[PDB]
Structure formats: C-alpha cells, structure tokens
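Taking it in order: structure first as structure tokens, then the write-up.
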Amino acid sequence: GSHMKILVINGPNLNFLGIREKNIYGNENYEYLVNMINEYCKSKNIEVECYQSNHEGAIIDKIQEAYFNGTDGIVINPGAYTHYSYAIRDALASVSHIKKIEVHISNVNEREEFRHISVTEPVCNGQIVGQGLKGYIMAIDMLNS
Amino acid sequence: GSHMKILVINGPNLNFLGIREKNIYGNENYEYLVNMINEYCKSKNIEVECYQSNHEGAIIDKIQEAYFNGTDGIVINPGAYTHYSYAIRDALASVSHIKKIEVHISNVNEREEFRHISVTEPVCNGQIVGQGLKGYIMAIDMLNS
Amino acid sequence: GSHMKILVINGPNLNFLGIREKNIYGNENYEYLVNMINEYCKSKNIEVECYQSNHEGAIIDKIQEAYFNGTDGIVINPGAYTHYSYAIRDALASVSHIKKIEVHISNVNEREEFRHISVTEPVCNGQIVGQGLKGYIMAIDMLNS
Ligand SMILES: O=C(O)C1=CC(=O)[C@@H](O)[C@H](O)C1
Ligand SMILES: O=C(O)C1=CC(=O)[C@@H](O)[C@H](O)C1
Ligand SMILES: O=C(O)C1=CC(=O)[C@@H](O)[C@H](O)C1
C-alpha cells in the first residue's frame with residue numbers, strides 16, 4: 001500500500017510482562033511495550049497492529065488473516081510456543097510473501113536447555129534475541145529495510 | 001444408523017491448501033478437497049461432515065462431540081499437531097468405539113526429521129500417507145470396509 | 001480473604017473421566033469428581049472452583065485470571081499437556097504468589113515413556129500422582145497446610 005503494514009504478534013504469557021519473572025523479562029509491562037511500538041511506528045509512517053494471545057490456534061488464525069489483509073511484515077515473539085509449536089511454524093511458512101522476524105526478549109541461548117531451540121525460527125526471515133524490549137524495534141527496522 | 005456417519009477433521013493450516021507450499025501439498029484448495037469428499041460420500045450413501053480448525057482444543061472438542069452424536073468413523077489429518085499433540089492422541093484414544101484413520105497428504109517419511117514420527121497414529125485404527133488428496137478417499141474406503 | 005480460595009484446573013480429556021480408558025482413569029465420571037471436590041471443600045470452609053478445558057490457551061487464560069481474583073492456590077491436572085506444554089509451565093511460573101500443586105490420577109511413572117516427564121512440575125510447589133481421584137483431595141490438603 002501507501003505505507004508498510006506490520007503485524008506484531010506476542011504469544012502466551014507476554015501480556016504478563018512486568019508481572020512475570022522480572023529479572024528475566026524486565027520491569028515494564030505489556031501496555032508499555034505496545035505504546036513503545038505504536039509510537040515508534042507512528043514516527044516512521046508504519047501502520048502497525050499489536051496482537052497478543054495465549055492460544056496457539058488464535059496465533060495461527062491471525063497469521064492467516066495477515067495473508068488476506070495486505071500485511072507486509074510480521075514481528076512474532078511466540079513465547080514458549082517457540083520451542084515446540086510446529087503448527088505455528090507451518091503457519092509462518094504458509095505466508096510466503098510476508099516477511100517474518102522472530103523476537104525474544106531474553107537471551108534464550110543462556111537459559112534452560114529447552115529454550116535453546118526454536119522450531120519457528122527456520123521459516124522466519126530473521127530473528128533477534130536478548131535485547132530486551134528494544135528487540136521489537138530492531139525487528140521493525142529489519143522489516144523496514 | 002441407517003447410513004454410516006463419518007467426520008473428517010483437518011487440523012492447522014489445512015484450510016490453506018492451494019496457498020501453502022504448493023510443491024508439497026498440491027495445487028488444489030481446501031474447498032476443492034471438501035467438495036471432493038462430499039461428492040464421494042454422496043455417491044456411497046455415507047453421511048459426512050468436513051471440519052477444520054487451527055486450534056488443538058477445538059479438534060479435541062470435535063472428537064468428543066463425535067462420541068455423543070453417533071459418529072461411526074473419523075478421518076483425521078492433524079496437520080503439524082501429528083508430531084507433538086499427545087492431547088489429540090488421548091482424545092482419539094477416549095473414543096474407543098469410533099474407528100479412526102489418520103491421513104497425511106505428503107510423504108511425511110521423506111521430509112524433515114521431525115515429521116517422521118506421529119504421536120497420534122498409535123491410537124488410530126489405520127493410516128494413509130503420501131497419496132495426495134486421494135488419501136482422504138482411501139481413508140473413507142478403509143472406514144466403509 | 002476470609003477463607004482460602006482454590007482453583008482446580010483439569011486439562012484436556014479430563015471431562016471424559018468414566019468414558020475414557022477405565023482401567024487407567026477409573027470408573028467414576030467428571031461430575032463425580034467435581035462433586036467430591038466441592039463437598040470436601042465445603043466441609044473445610046474452602047472456596048473452590050472446578051474448571052476444565054481442552055484448550056491450552058484457555059488453561060493459560062484461567063491461570064492469569066487467578067492472579068487478579070484473589071486465588072490462593074491452584075490444583076492442576078494438565079492432562080497430556082503435562083508432557084509438552086512449556087506455555088502452561090510459563091503461565092504457572094508467572095503467578096509467583098499462588099501456590100500450585102500438580103495432580104495425576106494415574107501412576108505416570110509406570111506408563112508409556114512419554115508420560116514419565118512433566119514440563120509443568122518444575123514450577124509447581126508440589127505434586128501428587130498415582131492416587132486416583134483422591135489425589136485431588138490430597139492436593140487440596142497440601143494447599144490448606
Ligand atoms: O521473550 C522471550 O525471551 C521468551 C518468552 C517466553 O515467553 C519464553 O517461553 C521463551 O523461552 C523466551
Ligand atoms: O498433510 C500432510 O502431509 C501434512 C500436513 C501438515 O500440515 C504438516 O505439518 C505435516 O507434517 C504433514
Ligand atoms: O490424570 C492422569 O494421570 C493423566 C491424565 C492425562 O489425561 C494423561 O495424558 C496423562 O499422561 C496422565
């Protein structure tokens with residue numbers, strides 16, 4: 001369209017930023033994250049929607065909807081689904097014309113062993129990890145490149 | 001009843017047949033598949049319902065509903081849930097009087113390593129793989145045997 | 001509050017107690033279990049809610065709601081999600097002020113290999129297994145200690 005259209009998907013538990021495990025995920029809350037993204041996109045003339053769900057199937061539904069509605073790019077933090085949801089992987093693979101960047105707040109490489117592997121990353125166009133909430137902004141920049 | 005009653009369940013991403021990964025899943029779309037099944041069942045005097053969902057829990061709900069509504073057989077392509085959904089496995093095991101056939105469009109034996117194992121198949125009465133959309137018809141035939 | 005508030009969460013397939021695999025899960029049905037819990041809690045002046053869902057995301061939603069509504073303790077039988085749902089694990093970890101006890105009806109240690117490991121248990125305050133429906137009562141007692 002006339003402006004780039006990005007969808008930011010946050011997966012399960014991400015609406016509990018600021019409540020959950022503060023030493024790992026930071027002190028700022030989910031509303032803070034959404035506001036940060038919205039204000040950054042406004043400043044870049046990027047249309048953005050921030051979506052969050054705890055449901056694997058709803059995430060997939062939202063990726064499918066992005067196919068039909070002119071979405072150019074997806075920034076996705078699948079939450080714990082990163083480590084096991086082959087269904088979200090297949091959904092991301094099904095939208096071949098949408099650029100996708102995976103984001104993790106924490107340095108997943110240095111946490112529990114099960115967090116070291118992402119089953120979604122192989123079908124994404126990029127990734128970021130371990131940069132805190134700024135990783136979302138870095139992902140937007142990757143898409144707006 | 002007076003006629004065999006079959007439920008066909010398609011799991012996540014299967015509504016994107018014809019859009020997704022065409023070299024793997026074929027050129028025909030989900031509506032084509034549903035029509036094919038409906039016309040074949042009509043010709044055999046089989047009552048059929050085709051259902052699709054991206055939600056693991058909705059699949060389980062639909063299997064449970066089949067217990068109460070006189071369903072004789074289930075044809076199920078769990079999609080990527082095949083490889084990890086012990087919850088769908090348990091659901092299929094919970095309906096001991098319903099015959100179940102698992103279907104895969106693609107030859108999962110010759111794809112990525114994670115696609116080689118099915119956690120749902122051990123509780124099904126049969127399976128088909130690698131026959132394209134015709135596998136659904138072959139599954140119906142297995143049930144109508 | 002004036003009385004302890006407990007939430008009992010049953011995961012997928014548990015509403016099919018008494019129908020499913022009777023040699024493993026027992027002859028009594030889910031309504032029997034709910035009644036048993038309700039009558040025991042009434043006798044102890046404990047406020048209880050019994051919730052069941054087949055949906056992973058709904059379970060997570062319900063754990064999150066417990067954060068806001070003054071829930072003191074959760075008894076959770078995740079069903080098959082025990083073996084793979086890192087998303088439910090993270091949800092349980094996100095509610096650091098709610099005591100959590102994991103329950104399994106069957107002796108999961110002596111069943112199929114995939115049932116031997118729980119990804120949810122490491123973030124719970126306790127567990128019970130292999131005691132039949134009485135395990136739920138034992139879990140309530142653990143919380144009311
Ligand atoms: O944002 C992140 O780093 C992550 C979020 C989740 O919620 C985790 O399950 C994941 O392992 C790491
Ligand atoms: O129909 C199939 O062959 C399959 C469908 C899915 O959607 C896949 O995740 C699965 O590994 C194979
Ligand atoms: O209550 C239990 O013992 C269990 C319930 C489930 O429904 C199972 O998938 C799990 O492995 C054991």
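Letters A, B, ... mark the chains of the structure tokens in the order given; residue numbers begin at 1 per chain; ligand numbers begin at 1, in order shown.
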
Interface, chain A side, toward chain B (10 Å; only C-alpha atoms) as a compact mmCIF listing (two decimals) with C-alpha atoms, in the first residue's frame:
```txt
# COMPACT_ATOMS: atom_id res chain seq x y z
CA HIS A 55 -3.92 -19.63 22.20
CA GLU A 56 -1.77 -21.41 19.61
CA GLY A 57 -4.70 -21.64 17.20
CA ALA A 58 -5.52 -17.95 17.54
CA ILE A 59 -1.94 -17.07 16.63
CA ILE A 60 -2.29 -19.25 13.54
CA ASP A 61 -5.63 -17.64 12.71
CA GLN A 64 -3.68 -16.47 8.14
CA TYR A 67 -2.39 -13.12 4.17
CA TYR A 84 7.54 -26.82 20.26
CA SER A 85 4.77 -25.37 18.01
CA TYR A 86 5.32 -26.94 14.62
CA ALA A 87 1.78 -25.68 13.86
CA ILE A 88 2.87 -22.04 14.18
CA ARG A 89 5.98 -22.89 12.15
CA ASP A 90 3.77 -24.23 9.35
CA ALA A 91 1.56 -21.16 9.56
CA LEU A 92 4.55 -18.85 9.13
CA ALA A 93 5.75 -20.99 6.21
CA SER A 94 2.29 -20.76 4.58
CA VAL A 95 2.56 -16.98 4.12
CA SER A 96 5.49 -16.93 1.72
CA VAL A 119 11.13 -24.66 15.82
```

Requested in this report: Identify, on the basis of only C-alpha atoms, every residue whose closest approach to residue 111 (chain C) does not exceed 10 Å; exclude the query and any residue fewer than 5 positions from it along the same chain; express the result as number ranges by chain.
Outcome: C: 24, 106, 116

Report task. Could you give me, as a ChimeraX atom specification, the residues within 12 Å of residue 47 (chain B), counting only C-alpha atoms and dropping anything in the same chain fewer than 2 positions from it? Result -> /B:1-8,37-45,49-50,70-74,140,144

Writing out the chosen residues with N, CA and C atoms as a PDB file, in the first residue's frame:
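Dumped to out_30.pdb:
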```pdb
ATOM      1  N   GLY B   1     -26.579 -46.025  12.569  1.00  0.00           N
ATOM      2  CA  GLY B   1     -27.875 -45.570  11.977  1.00  0.00           C
ATOM      3  C   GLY B   1     -28.165 -46.281  10.671  1.00  0.00           C
ATOM      4  N   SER B   2     -29.020 -45.600   9.876  1.00  0.00           N
ATOM      5  CA  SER B   2     -29.411 -46.108   8.576  1.00  0.00           C
ATOM      6  C   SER B   2     -28.279 -45.966   7.551  1.00  0.00           C
ATOM      7  N   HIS B   3     -27.347 -45.032   7.770  1.00  0.00           N
ATOM      8  CA  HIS B   3     -26.163 -44.869   6.943  1.00  0.00           C
ATOM      9  C   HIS B   3     -24.912 -44.645   7.815  1.00  0.00           C
ATOM     10  N   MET B   4     -23.728 -45.008   7.305  1.00  0.00           N
ATOM     11  CA  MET B   4     -22.505 -44.734   8.034  1.00  0.00           C
ATOM     12  C   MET B   4     -22.328 -43.211   8.128  1.00  0.00           C
ATOM     13  N   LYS B   5     -21.859 -42.755   9.300  1.00  0.00           N
ATOM     14  CA  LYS B   5     -21.615 -41.345   9.610  1.00  0.00           C
ATOM     15  C   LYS B   5     -20.134 -41.182   9.882  1.00  0.00           C
ATOM     16  N   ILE B   6     -19.506 -40.337   9.055  1.00  0.00           N
ATOM     17  CA  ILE B   6     -18.065 -40.072   9.131  1.00  0.00           C
ATOM     18  C   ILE B   6     -17.874 -38.584   9.388  1.00  0.00           C
ATOM     19  N   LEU B   7     -16.895 -38.314  10.220  1.00  0.00           N
ATOM     20  CA  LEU B   7     -16.367 -36.989  10.450  1.00  0.00           C
ATOM     21  C   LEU B   7     -14.946 -36.896   9.888  1.00  0.00           C
ATOM     22  N   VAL B   8     -14.691 -35.906   9.029  1.00  0.00           N
ATOM     23  CA  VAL B   8     -13.351 -35.642   8.553  1.00  0.00           C
ATOM     24  C   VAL B   8     -12.858 -34.416   9.289  1.00  0.00           C
ATOM     25  N   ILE B  37     -14.629 -34.791  -1.165  1.00  0.00           N
ATOM     26  CA  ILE B  37     -15.114 -35.673  -0.125  1.00  0.00           C
ATOM     27  C   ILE B  37     -16.636 -35.754  -0.119  1.00  0.00           C
ATOM     28  N   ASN B  38     -17.296 -34.590  -0.149  1.00  0.00           N
ATOM     29  CA  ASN B  38     -18.742 -34.593  -0.130  1.00  0.00           C
ATOM     30  C   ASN B  38     -19.328 -35.384  -1.308  1.00  0.00           C
ATOM     31  N   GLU B  39     -18.783 -35.156  -2.515  1.00  0.00           N
ATOM     32  CA  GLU B  39     -19.347 -35.833  -3.688  1.00  0.00           C
ATOM     33  C   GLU B  39     -19.079 -37.343  -3.600  1.00  0.00           C
ATOM     34  N   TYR B  40     -17.911 -37.757  -3.100  1.00  0.00           N
ATOM     35  CA  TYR B  40     -17.635 -39.175  -2.988  1.00  0.00           C
ATOM     36  C   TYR B  40     -18.570 -39.843  -1.973  1.00  0.00           C
ATOM     37  N   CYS B  41     -18.724 -39.220  -0.797  1.00  0.00           N
ATOM     38  CA  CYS B  41     -19.604 -39.764   0.204  1.00  0.00           C
ATOM     39  C   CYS B  41     -21.054 -39.823  -0.303  1.00  0.00           C
ATOM     40  N   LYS B  42     -21.517 -38.780  -1.020  1.00  0.00           N
ATOM     41  CA  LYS B  42     -22.871 -38.803  -1.552  1.00  0.00           C
ATOM     42  C   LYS B  42     -23.037 -40.059  -2.410  1.00  0.00           C
ATOM     43  N   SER B  43     -22.006 -40.384  -3.213  1.00  0.00           N
ATOM     44  CA  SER B  43     -22.089 -41.491  -4.173  1.00  0.00           C
ATOM     45  C   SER B  43     -22.100 -42.860  -3.485  1.00  0.00           C
ATOM     46  N   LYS B  44     -21.642 -42.915  -2.228  1.00  0.00           N
ATOM     47  CA  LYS B  44     -21.559 -44.133  -1.414  1.00  0.00           C
ATOM     48  C   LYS B  44     -22.673 -44.181  -0.347  1.00  0.00           C
ATOM     49  N   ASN B  45     -23.583 -43.211  -0.333  1.00  0.00           N
ATOM     50  CA  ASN B  45     -24.584 -43.118   0.722  1.00  0.00           C
ATOM     51  C   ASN B  45     -23.931 -43.072   2.096  1.00  0.00           C
ATOM     52  N   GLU B  49     -19.276 -35.036   7.462  1.00  0.00           N
ATOM     53  CA  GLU B  49     -19.055 -33.636   7.815  1.00  0.00           C
ATOM     54  C   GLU B  49     -17.558 -33.388   7.690  1.00  0.00           C
ATOM     55  N   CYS B  50     -17.175 -32.313   7.011  1.00  0.00           N
ATOM     56  CA  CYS B  50     -15.792 -31.887   6.973  1.00  0.00           C
ATOM     57  C   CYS B  50     -15.638 -30.713   7.924  1.00  0.00           C
ATOM     58  N   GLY B  70     -23.369 -40.121  17.384  1.00  0.00           N
ATOM     59  CA  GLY B  70     -23.490 -41.297  16.558  1.00  0.00           C
ATOM     60  C   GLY B  70     -22.508 -41.430  15.432  1.00  0.00           C
ATOM     61  N   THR B  71     -21.385 -40.706  15.547  1.00  0.00           N
ATOM     62  CA  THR B  71     -20.334 -40.845  14.556  1.00  0.00           C
ATOM     63  C   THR B  71     -19.738 -42.249  14.585  1.00  0.00           C
ATOM     64  N   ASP B  72     -19.588 -42.866  13.404  1.00  0.00           N
ATOM     65  CA  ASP B  72     -19.027 -44.194  13.279  1.00  0.00           C
ATOM     66  C   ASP B  72     -17.528 -44.195  13.043  1.00  0.00           C
ATOM     67  N   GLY B  73     -17.053 -43.196  12.274  1.00  0.00           N
ATOM     68  CA  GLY B  73     -15.684 -43.168  11.891  1.00  0.00           C
ATOM     69  C   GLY B  73     -15.198 -41.744  11.799  1.00  0.00           C
ATOM     70  N   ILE B  74     -13.882 -41.584  12.055  1.00  0.00           N
ATOM     71  CA  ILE B  74     -13.198 -40.307  11.915  1.00  0.00           C
ATOM     72  C   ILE B  74     -12.032 -40.477  10.964  1.00  0.00           C
ATOM     73  N   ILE B 140     -11.688 -43.003   3.738  1.00  0.00           N
ATOM     74  CA  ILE B 140     -13.130 -43.266   3.775  1.00  0.00           C
ATOM     75  C   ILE B 140     -13.414 -44.724   3.408  1.00  0.00           C
ATOM     76  N   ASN B 144     -15.341 -47.632   5.470  1.00  0.00           N
ATOM     77  CA  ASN B 144     -16.552 -48.201   4.853  1.00  0.00           C
ATOM     78  C   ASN B 144     -16.362 -49.665   4.446  1.00  0.00           C
TER      79      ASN B 144
END
```

Requested in this report: Apply DSSP to the backbone of this structure and, from chain C, keep only the residues in alpha helix (DSSP H); write these as a count of residues only.
Outcome: 50

As an mmCIF file with N, CA, C and O atoms, in the first residue's frame, please: every residue in chain C that DSSP puts in strand (DSSP E).
```
data_model
loop_
_atom_site.group_PDB
_atom_site.id
_atom_site.type_symbol
_atom_site.label_atom_id
_atom_site.label_comp_id
_atom_site.auth_asym_id
_atom_site.auth_seq_id
_atom_site.Cartn_x
_atom_site.Cartn_y
_atom_site.Cartn_z
ATOM 1 N N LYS C 5 -9.102 -19.614 48.937
ATOM 2 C CA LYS C 5 -9.709 -19.698 47.607
ATOM 3 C C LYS C 5 -8.796 -20.534 46.735
ATOM 4 O O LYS C 5 -7.626 -20.184 46.496
ATOM 5 N N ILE C 6 -9.360 -21.645 46.244
ATOM 6 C CA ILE C 6 -8.630 -22.605 45.409
ATOM 7 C C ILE C 6 -9.345 -22.698 44.068
ATOM 8 O O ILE C 6 -10.572 -22.733 43.957
ATOM 9 N N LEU C 7 -8.532 -22.797 43.043
ATOM 10 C CA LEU C 7 -8.955 -23.126 41.700
ATOM 11 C C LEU C 7 -8.433 -24.515 41.322
ATOM 12 O O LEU C 7 -7.226 -24.732 41.418
ATOM 13 N N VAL C 8 -9.328 -25.408 40.891
ATOM 14 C CA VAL C 8 -8.924 -26.696 40.374
ATOM 15 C C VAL C 8 -9.060 -26.625 38.868
ATOM 16 O O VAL C 8 -10.157 -26.377 38.345
ATOM 17 N N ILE C 9 -7.956 -26.833 38.158
ATOM 18 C CA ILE C 9 -7.945 -26.874 36.700
ATOM 19 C C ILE C 9 -7.721 -28.306 36.238
ATOM 20 O O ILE C 9 -6.739 -28.929 36.640
ATOM 21 N N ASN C 10 -8.627 -28.812 35.410
ATOM 22 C CA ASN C 10 -8.443 -30.065 34.712
ATOM 23 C C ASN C 10 -8.274 -29.767 33.247
ATOM 24 O O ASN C 10 -9.038 -28.992 32.650
ATOM 25 N N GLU C 47 -13.244 -22.064 49.650
ATOM 26 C CA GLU C 47 -13.929 -21.676 48.426
ATOM 27 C C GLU C 47 -13.214 -22.357 47.265
ATOM 28 O O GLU C 47 -12.003 -22.264 47.166
ATOM 29 N N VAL C 48 -13.958 -23.051 46.391
ATOM 30 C CA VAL C 48 -13.323 -23.747 45.281
ATOM 31 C C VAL C 48 -14.120 -23.489 44.016
ATOM 32 O O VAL C 48 -15.361 -23.442 44.026
ATOM 33 N N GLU C 49 -13.383 -23.479 42.908
ATOM 34 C CA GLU C 49 -13.978 -23.516 41.574
ATOM 35 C C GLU C 49 -13.301 -24.657 40.828
ATOM 36 O O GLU C 49 -12.086 -24.707 40.844
ATOM 37 N N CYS C 50 -14.087 -25.516 40.190
ATOM 38 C CA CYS C 50 -13.550 -26.535 39.313
ATOM 39 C C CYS C 50 -13.752 -26.072 37.880
ATOM 40 O O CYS C 50 -14.850 -25.775 37.467
ATOM 41 N N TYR C 51 -12.687 -26.053 37.128
ATOM 42 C CA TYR C 51 -12.666 -25.636 35.730
ATOM 43 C C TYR C 51 -12.039 -26.723 34.873
ATOM 44 O O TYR C 51 -11.066 -27.350 35.328
ATOM 45 N N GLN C 52 -12.581 -26.945 33.690
ATOM 46 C CA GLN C 52 -11.953 -27.876 32.765
ATOM 47 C C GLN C 52 -11.981 -27.277 31.383
ATOM 48 O O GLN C 52 -12.970 -26.631 30.981
ATOM 49 N N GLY C 73 -4.511 -20.722 45.800
ATOM 50 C CA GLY C 73 -3.894 -21.940 45.403
ATOM 51 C C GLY C 73 -4.559 -22.482 44.164
ATOM 52 O O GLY C 73 -5.759 -22.302 43.950
ATOM 53 N N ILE C 74 -3.751 -23.215 43.369
ATOM 54 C CA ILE C 74 -4.227 -23.912 42.184
ATOM 55 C C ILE C 74 -3.877 -25.381 42.306
ATOM 56 O O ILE C 74 -2.724 -25.711 42.636
ATOM 57 N N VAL C 75 -4.839 -26.248 42.069
ATOM 58 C CA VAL C 75 -4.603 -27.668 41.858
ATOM 59 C C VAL C 75 -4.770 -27.873 40.360
ATOM 60 O O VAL C 75 -5.827 -27.526 39.829
ATOM 61 N N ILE C 76 -3.766 -28.408 39.682
ATOM 62 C CA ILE C 76 -3.863 -28.543 38.226
ATOM 63 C C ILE C 76 -3.458 -29.946 37.787
ATOM 64 O O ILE C 76 -2.399 -30.437 38.136
ATOM 65 N N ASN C 77 -4.364 -30.554 37.020
ATOM 66 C CA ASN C 77 -4.031 -31.764 36.270
ATOM 67 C C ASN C 77 -4.036 -31.313 34.808
ATOM 68 O O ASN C 77 -5.093 -31.177 34.203
ATOM 69 N N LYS C 99 0.198 -20.624 45.243
ATOM 70 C CA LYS C 99 0.715 -21.968 45.460
ATOM 71 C C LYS C 99 0.085 -22.919 44.445
ATOM 72 O O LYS C 99 -1.122 -22.851 44.215
ATOM 73 N N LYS C 100 0.881 -23.854 43.885
ATOM 74 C CA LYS C 100 0.396 -24.735 42.828
ATOM 75 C C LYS C 100 0.769 -26.181 43.106
ATOM 76 O O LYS C 100 1.942 -26.441 43.386
ATOM 77 N N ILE C 101 -0.195 -27.065 42.991
ATOM 78 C CA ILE C 101 0.042 -28.485 43.118
ATOM 79 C C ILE C 101 -0.400 -29.175 41.845
ATOM 80 O O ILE C 101 -1.560 -29.009 41.421
ATOM 81 N N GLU C 102 0.502 -29.966 41.229
ATOM 82 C CA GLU C 102 0.161 -30.756 40.064
ATOM 83 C C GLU C 102 -0.379 -32.125 40.485
ATOM 84 O O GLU C 102 0.190 -32.743 41.388
ATOM 85 N N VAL C 103 -1.452 -32.587 39.835
ATOM 86 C CA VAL C 103 -2.053 -33.869 40.131
ATOM 87 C C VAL C 103 -2.149 -34.712 38.871
ATOM 88 O O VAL C 103 -2.539 -34.220 37.831
ATOM 89 N N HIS C 104 -1.826 -36.010 39.034
ATOM 90 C CA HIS C 104 -2.131 -37.015 38.037
ATOM 91 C C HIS C 104 -2.887 -38.140 38.704
ATOM 92 O O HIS C 104 -2.505 -38.573 39.788
ATOM 93 N N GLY C 126 4.275 -28.507 44.440
ATOM 94 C CA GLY C 126 4.205 -29.897 44.792
ATOM 95 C C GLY C 126 3.503 -30.689 43.691
ATOM 96 O O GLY C 126 2.972 -30.114 42.756
ATOM 97 N N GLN C 127 3.349 -31.927 44.062
ATOM 98 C CA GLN C 127 2.679 -32.800 43.144
ATOM 99 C C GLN C 127 2.173 -34.016 43.877
ATOM 100 O O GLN C 127 2.713 -34.396 44.954
ATOM 101 N N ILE C 128 1.227 -34.641 43.168
ATOM 102 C CA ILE C 128 0.752 -35.953 43.533
ATOM 103 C C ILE C 128 0.525 -36.760 42.298
ATOM 104 O O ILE C 128 -0.067 -36.285 41.334
ATOM 105 N N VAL C 129 0.811 -38.035 42.387
ATOM 106 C CA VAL C 129 0.495 -38.924 41.308
ATOM 107 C C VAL C 129 0.017 -40.271 41.819
ATOM 108 O O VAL C 129 0.339 -40.675 42.934
#
```

Query raised in the report: Please, what distance in Å, to one decimal, runs between CA of residue 98 (chain B) and CA of residue 66 (chain B)?
Result: 8.3 Å
